[PDB]
Structures are given as C-alpha cells and as structure tokens.
Amino acid sequence: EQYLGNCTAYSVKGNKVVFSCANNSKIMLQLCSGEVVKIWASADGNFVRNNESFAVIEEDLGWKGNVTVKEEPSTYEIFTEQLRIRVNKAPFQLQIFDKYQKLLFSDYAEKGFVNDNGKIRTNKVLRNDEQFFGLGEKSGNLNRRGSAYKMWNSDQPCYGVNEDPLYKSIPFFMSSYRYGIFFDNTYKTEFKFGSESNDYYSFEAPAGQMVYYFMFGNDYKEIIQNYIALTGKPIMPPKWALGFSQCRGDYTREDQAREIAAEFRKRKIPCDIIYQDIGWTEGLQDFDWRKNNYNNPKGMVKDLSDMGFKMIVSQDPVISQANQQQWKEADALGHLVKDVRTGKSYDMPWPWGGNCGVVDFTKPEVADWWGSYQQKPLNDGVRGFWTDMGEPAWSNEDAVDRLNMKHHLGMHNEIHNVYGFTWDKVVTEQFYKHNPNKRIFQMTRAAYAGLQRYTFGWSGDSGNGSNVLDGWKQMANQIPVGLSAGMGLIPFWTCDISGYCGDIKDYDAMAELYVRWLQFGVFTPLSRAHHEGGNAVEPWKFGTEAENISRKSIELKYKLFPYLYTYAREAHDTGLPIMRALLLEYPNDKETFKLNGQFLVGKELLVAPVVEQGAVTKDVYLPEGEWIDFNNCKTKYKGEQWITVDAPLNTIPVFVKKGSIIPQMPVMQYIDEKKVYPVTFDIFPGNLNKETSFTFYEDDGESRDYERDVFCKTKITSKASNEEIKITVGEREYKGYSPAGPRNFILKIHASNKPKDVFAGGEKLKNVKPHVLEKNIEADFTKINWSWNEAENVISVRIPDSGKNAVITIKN
Ligand SMILES: OC[C@H]1O[C@H](OC[C@H]2O[C@H](O)[C@H](O)[C@@H](O)[C@@H]2O)[C@H](O)[C@@H](O)[C@@H]1O
C-alpha cells in the first residue's frame, strides 16, 4: 500500500494549495471559506474524477484572496479566522486546530491517505472522548462511535434495529470535536468509527477519488449551515404536507379512495393526503390510470380536492418487459441501462410485472421523455409522487450481477448510490418545467447526499414481517433513524405508521402498538400511515378507544401547524431538521448523546413517545431550563435531570420549555379548511427579566416564491418583570406576502393568578368573561379585551391582527 510520504514542495493557485509528496502523489487543500476546507488526496497527482460531484452545488463559501502558506523548517502553516492548519513535511500529515490550539482533526501517523491499487482510505487520530453522529438514514443508536457503516443503497424489507446498509447513502457525519465531514464519493464507502482500533478512525472507498470536505463549527448548527452552503437549501413541501397522510399497499382504485376520503371526514379524523400505491398505473411505468380500477380519474381527483384531499401517486424507475409498447420504445431510444457484457439493455428481475428495463436517468435525453410520461396524472390534478424502489430494488451487495449495469455516466459500482438520486432529480426538474412556480411533493426511498434539493424521504419497509405484534423495538428505532435522517438533510421525513411489515391478523391485539406508533408518527413532518397489501391501517381500524386517542394525536399536530410550518421554513434557511436530536440544541450536555427515546420538535417542544409494550410511564431526560407538561400546562420540572412521568395509552409525553411562545391554529380537517383563522399564542413566561420570543412565519404555502424570500413574519416577544409581564406583538415584517385576514390573535399567557389589569399601550383593557372574548372571534375584528380562566391558569388577551406593533402590559 501507498502513503503520501514526504512533502517536498507546495504550489498556490487562488484558494487552492497543492502539496507534492512521494512518487507523483499530491494532496490539495482548498479554502472554500475560513471554516470549510475541501481536501483532495491523489495517488497519481492528476486531480480528475469520472463524474463531478452530484451533491455539491457551490464551492465558493466566501473565502477572499489567495491561500497564504507560511513555510517553517519542518512544517507549513495555514491560518483562517477559525482554523490553524499545521502540515508536517516529513512525512506529510494534515493537522487542523481551532484558534485556541486544541487539535480537532489529525492524520494518523504516516497513513493519513492510503492507496492500495485504487482502494482509497483516510485514517485519522481518534481520541477517547470523540463521539460521532449522522451518516443519514441509518439504524442503531444515534451515537455511531464504535461501529462501522457502509454506503450501498439496499432493499432489506422488515429490517432490524441494527441493519446496515439501508436505502439511502448520505456520507456526511459530525464529530463531537465540532467538525463535520462530507465524503464526496459515490462508491461503496465505509466508515469505521473506532470499530477496528481505539487509536484511529477511517473512511474509505473501493475506487474513485479521495475528496472530502472538512466543515468546522462552534456547534452542530454551524456545521449543518456549512453543509447546506455546499449541498443546497432544503426545498419546503406544500403547506398541506404537514397534515396527516394515509396509504396502503392496495390503495390502487377509485371506489376505495372515495370511500376512504368520506370515512375520514365522517369520523372527523383530520387528513390531507391520500396516497396511491404502484398498482395505480396500468403498467410499469406508463402513468396511465389502471382501467379496471379507475372509471373517472379526473372526477375522482377533483371530488377529493373539493373535500380537501390531495393525491400523491407512486412511481418505480423501471419499464416492465410485459409493458411491450413502452419497453420497446425505451429500448429503441437507448433509454435503458445497458449490460456491459452484451451492449444491450440490462435484463433486470423485478417483484411485480416481470423482468424489466431499468430507466437510465443519467442519460440527458431521458429527462424530457420521463417528464412527459409523469405529467399525465399531474394534468388530472395529482399533486406529486413517491419515488419507490430506486436503490435500485433487488440490488443488494450480494446481487453481484448488477455490477454489469453500464449507465450513461458510469458503471454500476459508481452509479448505484446515485441511481435513485439522479432519478429523483429528473422527477423534480421535470415537475418544475411542466408546472412552473409550484412546490413539488416528492417523497423518496433511495437517495444520496444533496437529496434535500429535490425530495423528501420515508424510511421504507419497517416493522416485523414474522409477527407484526413483535415490532416494538423496530418502531422504537425509527426515532434515531428519523433524527439521523434529519441530520443528513431529510428535514421532511416520515416512517410507515404501523410499520410496513406483518399481517394484522388481530386488530385488538395490534391496537396498542398502532396507537404508540401513531403517537410518535404525528411528530414526524410527513406523518403517513401505511402497511403491506390489504392490511388496512386507517386510524379507526383498531376500535373506538384507539380511534379516539388517534384523533387526538392527529388533532394536536394540526393545532401545531403554524409552529411546525415556522420550523419547516427554518429547515430551508438553516438546514436544521424539524425533529432534532437534543444534542443539536444542547451540545454541551453529553447526556444527550445517549438519547434514542426522545427528541425536540423545533426548540420549544420536547417529545418523549412511549415505545415499550405495556408501558404506562416514560423516563424523560430534561436538558437545561425549566420544562412544563404541555398536556396540562401546570406541572413544572427543573432541568438537567432524568424524570419518570405517567404516560398511559391515551398520553404522549410532551414538554414545553419555560420561556416558549407557541403559535397554534384551531382544529381543522385539512390544512386551509378555514382559509383564514384566529391564531393563538401560548406564552409560558421566562425567568425575571429574560426576553424570549417566537417569529411566526407565513407564506403562500404552494409556490416557489419562498425560495426568493417572499413571505411575512410576525415576532411575538415576552419579558417578565417584578409583578409585570410585557408581551410585544411586533410590527409585521412584509417581504412581498401578506397573510390571510382579517383575523384576531389570542395571546394566552400562562400564569398562577388573575392579574389586576391588562393594558394595550397606555389604554386599560376591559376584563370580560371567556365566552365574550370568544364570541365572533372569526367575524368581529374591532374588539380588544381580556379574560381569565382559573381552571387552566390562562390570561387570554384578544387583539386584531392589524400588522402594527403593540405592547401588552399585564399588571400582576
Ligand atoms: O402491486 C404491487 C405491490 O404493491 C404494494 O407494494 C409496493 C411497496 O413497494 C415497496 O416495498 C415500498 O417500500 C412500499 O412502501 C410499497 O407499498 C403492496 O404492498 C403489495 O401487496 C403489492 O404486491
């Protein structure tokens, strides 16, 4: 094996420095910014790659001028605002320190880069206290330290708690030394976080180029912000995507879709999306509504739309040989992935429809061809897709025949991990071209780093196939799977609520597991119930008790829409997921590294779902601050402690941090059932003299205008003093969008005693009964008054949403 060995020279060209080492080997450092360093180690010195990065869309992160290299007798030095880079000459060793001279990231001995006949590996020093997170949508515990992980998009139905690889390959991880690494290589990469030794960790590839980005941060937020500078801001879904979604393996016909739509509304179980699974299409993949299953597809879509339902249909990336017309067409055009052994279209087995041709989404001409096909259901009013089986399916590591696939942009060993990525990119690009200035809804199974630009994600075929009732640990592991997905830039994520796998032979017996799964699931942004085949899993299938609990769970998510939607926008701006591992907000608290049974939803809410069978309590870790039971709003706990709370089947443990302001809307059956509505702000005042706030974000919810920063914002602020609370409704920030109106705001201040008075500016407000304050809340926008609820310990102040600054002073 080949190492870099001694560095004999360097050359600078703009923001790039190239170090020449032994036997034509070279290594480049490129300062994308003061915090982000692109590193390219090369065994032969050439700096070429078969394909430029599929993930990176910007290398200019604001570095000004040349890189300055200071040569010393045995080292070179490069300084930035945040980094001190030390390069050993003999042998070459890259060492990155922070500005306090603490070592962050160092080559291990002389083996920082190792080439072994095309196999490329990077070895770094590993410290005893160094922990690791990320690598995208992967199983096991959040903390990756001690384990090894592989990138090969795989199709492993009913997967276990530690199964790896899974469906998506996002080679971005973060260290608790507060740097991220993105390994910009699409081959079957492997990450070994002290699984071989305590002295080093490694990342490697069997072929391709050793290109990776070192991303400094003072916290994890800063690292993630740097990663989206490189790989793109997440697109936001249409606003209605944050409601509840329903699917089934057999959701493939008109009469059923109409019946299901009617059942949700009759039962007052809120729901926005009805999915249709792959049987909807006549053949793979013609996008024609199956004749025996749909009589009037346009009328169906329109009638569901009038009921507030949006439809999302499946697509696979293959053309069945039995679909002779479309197969012959694709094959004649050269649009199918070839077999290197024959020069002809690769003959791919598939689980339905027979052998198929794999569509080559890396061939440029395929994009418009596919776009015209997929547009058909969209012309009927369908609002988007779920892109399934893009691994490609049935192409796990052991299916070595697949390595003979030759795609336009490369061989399968390179392209496998971006097969689904490039497909999903075509789907979104073509949607944009055919449906201008509209947000796509795409939710995908298979993906690569950078997917956030084109698609959302679900975690595929989860749960227990042998016995559905024994899926508790698998359900529980969807928490860190989702949180890790979030850290890999899948902010808009869900899992199959109820799991995918396992026949439901006994609905009474499955009720408890279904309820707990849905309680967790409604805190995923794209909450979707789904199950294999004809295993119905609508929230009324498990008896009245489970139905009532499930309706309440869904209702809570809908009430939280304005809160969740604000965090949807924060995902676009910062890269932060809605579902946040506590470590992202409390990086100084090492206890957070172990938390696989709870998470934050935005910053203000801590959710701790019960994920153990028979459990009627929950152990919850509370980080810094004081924390209030969000279910009753009375019980308060001190932070930095483990507690045990009561958590029977009808309860989801949810906590709100003291200081929080939570925007909520009324219960509706779908997002924008009421196009205008009063907004309530639940205010839990912080400690004496501490100013807290929430910035309520609004936009049109449908167009791409938000990408050009067309929106409005209303900042609500709270500051408690000695026997006085000041609530400020900030002047509306208008950036080209104005909200639904006219409407009222209701400030709901949680407090132990009725106050003496409430003022709006200098004017004293009339105290009124709750019924008066509530009367004509959607009809009269000239009333300013306040009420007191002794039972709930809430001061309610009604105020028209004028868009003007107002200071509300509560006198205790
Ligand atoms: O009609 C074919 C097939 O349709 C459903 O399954 C599609 C299935 O594909 C992957 O496993 C995804 O990960 C799942 O979310 C999809 O539901 C039915 O479940 C099946 O019974 C049927 O044969």
# chains A, B, ... in the order shown; residues from 1 in each chain; ligands from 1

call {"tool": "select_by_dssp", "arguments": {"residues": "range 529-747 of chain A", "states": "strand (DSSP E)", "output": "PyMOL selection string"}}
result
chain A and resi 529+579-580+599-601+605-607+617-622+626-629+636-638+641-646+654-657+661-664+679-683+691-698+711-721+724-729+733-735+744-747

call {"tool": "write_last_selection", "arguments": {"atoms": "C-alpha atoms", "output": "mmCIF file, in the first residue's frame"}}
result
data_model
loop_
_atom_site.group_PDB
_atom_site.id
_atom_site.type_symbol
_atom_site.label_atom_id
_atom_site.label_comp_id
_atom_site.auth_asym_id
_atom_site.auth_seq_id
_atom_site.Cartn_x
_atom_site.Cartn_y
_atom_site.Cartn_z
ATOM 1 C CA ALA A 529 -49.903 5.525 7.970
ATOM 2 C CA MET A 579 -37.165 16.585 14.515
ATOM 3 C CA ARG A 580 -33.998 17.449 16.454
ATOM 4 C CA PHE A 599 -36.382 14.413 20.652
ATOM 5 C CA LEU A 600 -37.129 18.078 20.228
ATOM 6 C CA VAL A 601 -39.652 19.366 17.705
ATOM 7 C CA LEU A 605 -41.160 21.229 22.449
ATOM 8 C CA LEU A 606 -39.622 18.052 23.852
ATOM 9 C CA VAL A 607 -41.426 14.869 22.732
ATOM 10 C CA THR A 617 -44.828 5.572 32.301
ATOM 11 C CA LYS A 618 -41.899 7.155 30.468
ATOM 12 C CA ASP A 619 -38.396 8.084 31.542
ATOM 13 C CA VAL A 620 -37.547 11.532 30.144
ATOM 14 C CA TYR A 621 -34.273 13.426 30.253
ATOM 15 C CA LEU A 622 -34.779 17.180 30.646
ATOM 16 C CA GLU A 626 -37.352 24.509 33.225
ATOM 17 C CA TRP A 627 -39.869 22.285 31.488
ATOM 18 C CA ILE A 628 -43.647 22.307 31.636
ATOM 19 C CA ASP A 629 -46.026 19.447 30.857
ATOM 20 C CA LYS A 636 -43.226 22.244 36.019
ATOM 21 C CA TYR A 637 -39.869 20.420 36.280
ATOM 22 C CA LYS A 638 -36.311 21.624 36.779
ATOM 23 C CA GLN A 641 -32.338 15.544 35.316
ATOM 24 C CA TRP A 642 -33.992 12.274 34.479
ATOM 25 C CA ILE A 643 -37.670 12.109 35.460
ATOM 26 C CA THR A 644 -40.366 9.460 35.215
ATOM 27 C CA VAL A 645 -43.834 10.647 34.196
ATOM 28 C CA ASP A 646 -47.207 8.948 33.891
ATOM 29 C CA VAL A 654 -44.740 16.389 25.537
ATOM 30 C CA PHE A 655 -42.956 19.226 27.361
ATOM 31 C CA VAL A 656 -42.663 22.929 26.582
ATOM 32 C CA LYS A 657 -39.612 24.880 27.688
ATOM 33 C CA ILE A 661 -44.180 31.068 22.719
ATOM 34 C CA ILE A 662 -46.177 28.528 20.662
ATOM 35 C CA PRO A 663 -48.393 29.595 17.745
ATOM 36 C CA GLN A 664 -51.453 27.358 17.233
ATOM 37 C CA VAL A 679 -54.023 32.403 15.783
ATOM 38 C CA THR A 680 -53.424 31.591 19.437
ATOM 39 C CA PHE A 681 -50.002 32.147 21.042
ATOM 40 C CA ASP A 682 -49.422 30.056 24.165
ATOM 41 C CA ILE A 683 -46.932 32.030 26.238
ATOM 42 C CA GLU A 691 -36.657 38.299 26.953
ATOM 43 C CA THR A 692 -37.967 35.348 24.887
ATOM 44 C CA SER A 693 -39.709 35.304 21.520
ATOM 45 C CA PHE A 694 -41.136 33.384 18.591
ATOM 46 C CA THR A 695 -41.078 34.592 14.989
ATOM 47 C CA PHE A 696 -44.292 33.373 13.294
ATOM 48 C CA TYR A 697 -43.521 32.715 9.593
ATOM 49 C CA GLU A 698 -46.157 32.776 6.854
ATOM 50 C CA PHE A 711 -43.052 35.842 2.949
ATOM 51 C CA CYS A 712 -44.143 37.651 6.066
ATOM 52 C CA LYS A 713 -43.074 37.338 9.683
ATOM 53 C CA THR A 714 -44.646 38.394 12.971
ATOM 54 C CA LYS A 715 -42.375 38.359 16.032
ATOM 55 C CA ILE A 716 -44.047 37.855 19.426
ATOM 56 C CA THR A 717 -41.871 38.749 22.447
ATOM 57 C CA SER A 718 -42.302 38.063 26.191
ATOM 58 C CA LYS A 719 -40.416 39.692 29.098
ATOM 59 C CA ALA A 720 -41.447 39.265 32.731
ATOM 60 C CA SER A 721 -40.532 41.870 35.383
ATOM 61 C CA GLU A 724 -45.473 42.731 35.403
ATOM 62 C CA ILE A 725 -45.436 40.813 32.071
ATOM 63 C CA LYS A 726 -44.789 42.639 28.779
ATOM 64 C CA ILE A 727 -45.960 40.892 25.574
ATOM 65 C CA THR A 728 -44.992 42.584 22.319
ATOM 66 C CA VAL A 729 -46.721 41.810 19.044
ATOM 67 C CA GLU A 733 -42.362 42.137 8.546
ATOM 68 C CA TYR A 734 -43.685 42.336 4.958
ATOM 69 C CA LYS A 735 -41.474 40.727 2.316
ATOM 70 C CA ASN A 744 -57.724 38.015 15.504
ATOM 71 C CA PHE A 745 -54.817 36.939 17.697
ATOM 72 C CA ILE A 746 -55.327 35.479 21.145
ATOM 73 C CA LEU A 747 -52.343 35.813 23.444
#

call {"tool": "residues_near_ligand", "arguments": {"ligand": "ligand 1", "cutoff": "7 Å", "atoms": "only C-alpha atoms and all ligand atoms", "output": "VMD selection string"}}
result
chain A and resid 248 to 250 277 to 279 352 388 to 389 445 460 to 461 500 531 to 534

call {"tool": "select_by_dssp", "arguments": {"residues": "range 606-753 of chain A", "states": "helix (DSSP H, G or I)", "output": "ChimeraX atom specification"}}
result
/A:705-708

call {"tool": "residues_around", "arguments": {"residues": "residue 225 in chain A", "least_positions_apart": "2", "cutoff": "8 Å", "atoms": "only C-alpha atoms", "output": "NGL selection string"}}
result
:A and (221-223 or 227-229 or 574-576)

call {"tool": "residues_around", "arguments": {"residues": "residue 762 in chain A", "least_positions_apart": "4", "cutoff": "10 Å", "atoms": "only C-alpha atoms", "output": "PyMOL selection string"}}
result
chain A and resi 758+807-809

call {"tool": "write_last_selection", "arguments": {"atoms": "C-alpha atoms", "output": "PDB file, in the first residue's frame"}}
result
ATOM      1  CA  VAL A 758     -54.093  44.462  31.343  1.00  0.00           C
ATOM      2  CA  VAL A 807     -47.221  46.296  23.658  1.00  0.00           C
ATOM      3  CA  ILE A 808     -49.464  44.378  26.067  1.00  0.00           C
ATOM      4  CA  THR A 809     -48.631  45.032  29.736  1.00  0.00           C
TER       5      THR A 809
END

call {"tool": "closest_atom_pairs", "arguments": {"of": "range 388-490 of chain A", "to": "range 186-210 of chain A", "cutoff": "10 Å", "atoms": "only C-alpha atoms", "output": "JSON lines"}}
result
{"residue": "A:397", "atom": "CA", "partner": "A:188", "partner_atom": "CA", "distance": 9.2}
{"residue": "A:412", "atom": "CA", "partner": "A:187", "partner_atom": "CA", "distance": 9.0}
{"residue": "A:413", "atom": "CA", "partner": "A:187", "partner_atom": "CA", "distance": 6.0}
{"residue": "A:414", "atom": "CA", "partner": "A:187", "partner_atom": "CA", "distance": 4.8}
{"residue": "A:415", "atom": "CA", "partner": "A:186", "partner_atom": "CA", "distance": 6.9}
{"residue": "A:416", "atom": "CA", "partner": "A:187", "partner_atom": "CA", "distance": 7.7}
{"residue": "A:417", "atom": "CA", "partner": "A:186", "partner_atom": "CA", "distance": 5.8}
{"residue": "A:418", "atom": "CA", "partner": "A:186", "partner_atom": "CA", "distance": 6.8}
{"residue": "A:448", "atom": "CA", "partner": "A:186", "partner_atom": "CA", "distance": 8.2}
{"residue": "A:449", "atom": "CA", "partner": "A:186", "partner_atom": "CA", "distance": 9.3}

call {"tool": "residues_around", "arguments": {"residues": "range 272-275 of chain A", "least_positions_apart": "4", "cutoff": "8 Å", "atoms": "only C-alpha atoms", "output": "number ranges by chain"}}
result
A: 240-241, 243-248, 251, 257, 261, 308-314, 669-671

call {"tool": "write_last_selection", "arguments": {"atoms": "N, CA and C atoms", "output": "compact mmCIF listing (two decimals), in the first residue's frame"}}
result
# COMPACT_ATOMS: atom_id res chain seq x y z
N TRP A 240 -49.78 21.88 3.04
CA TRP A 240 -50.70 20.78 3.37
C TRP A 240 -50.00 19.43 3.63
N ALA A 241 -48.74 19.30 3.21
CA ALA A 241 -47.94 18.11 3.52
C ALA A 241 -47.71 17.88 5.02
N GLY A 243 -49.93 18.02 7.34
CA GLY A 243 -51.07 17.32 7.94
C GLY A 243 -50.81 15.82 8.04
N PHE A 244 -51.88 15.04 8.05
CA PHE A 244 -51.81 13.59 8.16
C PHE A 244 -52.05 12.97 6.79
N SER A 245 -51.33 11.87 6.52
CA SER A 245 -51.34 11.19 5.25
C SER A 245 -51.72 9.73 5.48
N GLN A 246 -52.38 9.14 4.47
CA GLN A 246 -52.85 7.75 4.58
C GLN A 246 -52.58 7.01 3.30
N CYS A 247 -52.14 5.76 3.48
CA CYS A 247 -51.80 4.88 2.37
C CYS A 247 -52.13 3.44 2.75
N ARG A 248 -52.00 2.57 1.75
CA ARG A 248 -51.98 1.12 1.94
C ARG A 248 -51.41 0.50 0.67
N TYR A 251 -53.97 0.61 -2.07
CA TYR A 251 -54.63 1.88 -2.43
C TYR A 251 -54.36 2.14 -3.91
N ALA A 257 -60.68 4.92 -2.80
CA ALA A 257 -60.20 6.28 -2.49
C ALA A 257 -61.36 7.19 -2.09
N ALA A 261 -61.80 8.66 1.75
CA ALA A 261 -61.94 10.11 1.87
C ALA A 261 -63.19 10.46 2.69
N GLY A 308 -60.92 18.55 0.34
CA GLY A 308 -59.66 18.92 0.99
C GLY A 308 -58.55 17.89 0.94
N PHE A 309 -58.73 16.84 0.14
CA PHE A 309 -57.69 15.82 -0.04
C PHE A 309 -56.84 16.10 -1.26
N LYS A 310 -55.53 15.89 -1.10
CA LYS A 310 -54.59 15.91 -2.20
C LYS A 310 -54.14 14.47 -2.44
N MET A 311 -53.87 14.13 -3.69
CA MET A 311 -53.42 12.79 -4.06
C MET A 311 -51.96 12.79 -4.51
N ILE A 312 -51.24 11.76 -4.05
CA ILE A 312 -49.83 11.52 -4.36
C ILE A 312 -49.73 10.09 -4.88
N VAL A 313 -49.14 9.91 -6.06
CA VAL A 313 -49.08 8.59 -6.67
C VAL A 313 -47.66 8.07 -6.74
N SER A 314 -47.52 6.75 -6.69
CA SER A 314 -46.24 6.09 -6.78
C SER A 314 -45.67 6.06 -8.21
N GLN A 669 -60.08 19.86 9.59
CA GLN A 669 -59.97 18.54 8.96
C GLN A 669 -58.89 18.45 7.90
N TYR A 670 -58.47 19.59 7.38
CA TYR A 670 -57.33 19.66 6.49
C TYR A 670 -56.73 21.06 6.55
N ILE A 671 -55.49 21.17 6.10
CA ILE A 671 -54.77 22.45 6.13
C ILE A 671 -55.52 23.38 5.17
